[PDB]
Every structure is written in structure tokens, then in C-alpha cells.
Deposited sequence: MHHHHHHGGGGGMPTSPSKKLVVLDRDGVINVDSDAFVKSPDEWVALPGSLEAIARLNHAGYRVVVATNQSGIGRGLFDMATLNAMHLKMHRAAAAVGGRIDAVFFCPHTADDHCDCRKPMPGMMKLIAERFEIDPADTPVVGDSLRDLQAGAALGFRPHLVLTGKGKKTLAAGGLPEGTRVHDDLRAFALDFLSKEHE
């Protein structure tokens, strides 16, 4: 059971109830599905409006997220963090056999330290992150998640 770890913000999507995904990203997940990977989407909770929410806000968001993937026949495993230390553990994976995909230094740098294969996408904060440097030695960089999925899908 193979796995792929994705950040939510700036990776899949750009009001918390007006949630909208990048069109290239749904393609990415589904194409990942047919190739046999379980896709875990890690949502960093520090970016939920500074912690003010009832259950209604949370359900609407996962349902928007859940139905977005389903719209093109994809499947994700939604997790929420308040991370990589646990993702390799909550799930059935060798970190060394697992890609982590994000747009920020914090996550990719965190993941690579445990053996995760870090991928950077230039959408959102991605272009800022690349120019700023300080990224892990073997990081591959992609225009978007569609490109990651396409590239990460060859060999």
C-alpha cells in the first residue's frame, strides 16, 4: 500500500466555505489513483483563521474537499494537524519510499529529515520558496501538482 503526502494550501486549492481547487490538482490525484497510490492530504490547522471554528465549518470543508476529489473519480485520505512524524506512523509506510509534496520550506525540510522524498511545487508560495533557497539537497521542483503527478508517474 503505497502513499503520497500532500499539503492542502497552495497545493490543491488556492471564505473557508467558498473553497476552490486548482484544476490541474484534481487531475493529479486521480491520475495518481489509477497508478495505485494512496493520497494523504495534510491540512495544517494553524491556517484555519487562528483557531475559531465550530463543527459546521469543519464538515463543510472536508465535504467540499471530499466531493472535489470525487468529481473526477479520485480518492484522498484527509488528515488535519495541530505532522510528518505521525503521517508515516498513522499510515502504513516507509518514509524512504514516500514522497512529500508542498509549497513551503517548513514541511519539505521536516519531511526530508525522516527520509521522505521532498517535492516542491511552484504554485502559491512555491515560487517564493524556491528563490529563497535553503531547501533539502535532493528536492525536485515542479510547476504544479499536475506536473508532479505526471513526472512522479514515470519511473
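Fill in: Deposited-sequence segments unaccounted for in the coordinates
Those stretches are 1 to 18, 33 to 39, 108 to 123, 197 to 199, listed in order.
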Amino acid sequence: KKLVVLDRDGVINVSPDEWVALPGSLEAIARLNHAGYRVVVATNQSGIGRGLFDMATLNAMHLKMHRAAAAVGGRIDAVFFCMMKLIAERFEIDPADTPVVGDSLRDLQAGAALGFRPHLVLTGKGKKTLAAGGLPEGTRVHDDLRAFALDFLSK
From here on, numbers count along this sequence of modelled residues.
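Worksheet item: Which has higher Cα B-factors on average according to the PDB entry: 46 to 54 or 101 to 109?
Response: Looking at the record's C-alpha B-factors, the answer is 46 to 54.
Worksheet item: Which is higher in the entry, the mean Cα B factor of 112 to 120 or that of 90 to 98?
Response: Higher of the two, by average CA B-factor, is 90 to 98.
Worksheet item: Per the PDB entry, which option out of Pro16, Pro136, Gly24, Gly133 has the greatest Cα B factor?
Response: That would be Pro16.
Item to complete: Among all modelled residues of this chain, ranked by Cα B factor, put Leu150 in the bottom, middle or top third, i.e. lowest, middle or highest.
Response: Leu150: CA B-factor falls in the middle third of its chain.
Worksheet item: Where does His62 sit by CA temperature factor within its chain: lowest, middle or highest third?
Response: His62: CA B-factor falls in the highest third of its chain.
Worksheet entry | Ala69 CA temperature factor, ranked by third within the chain | Middle third by C-alpha B-factor.
Practice prompt. Just say lowest, middle or highest third for the CA B-factor of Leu32 relative to the other modelled residues in its chain.
Written response: As the PDB entry reports it, the C-alpha B-factor of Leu32 lands in the middle third of its chain.
Worksheet entry | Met84 - which third its CA temperature factor falls in, relative to the rest of the chain | As the PDB entry reports it, the C-alpha B-factor of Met84 lands in the middle third of its chain.
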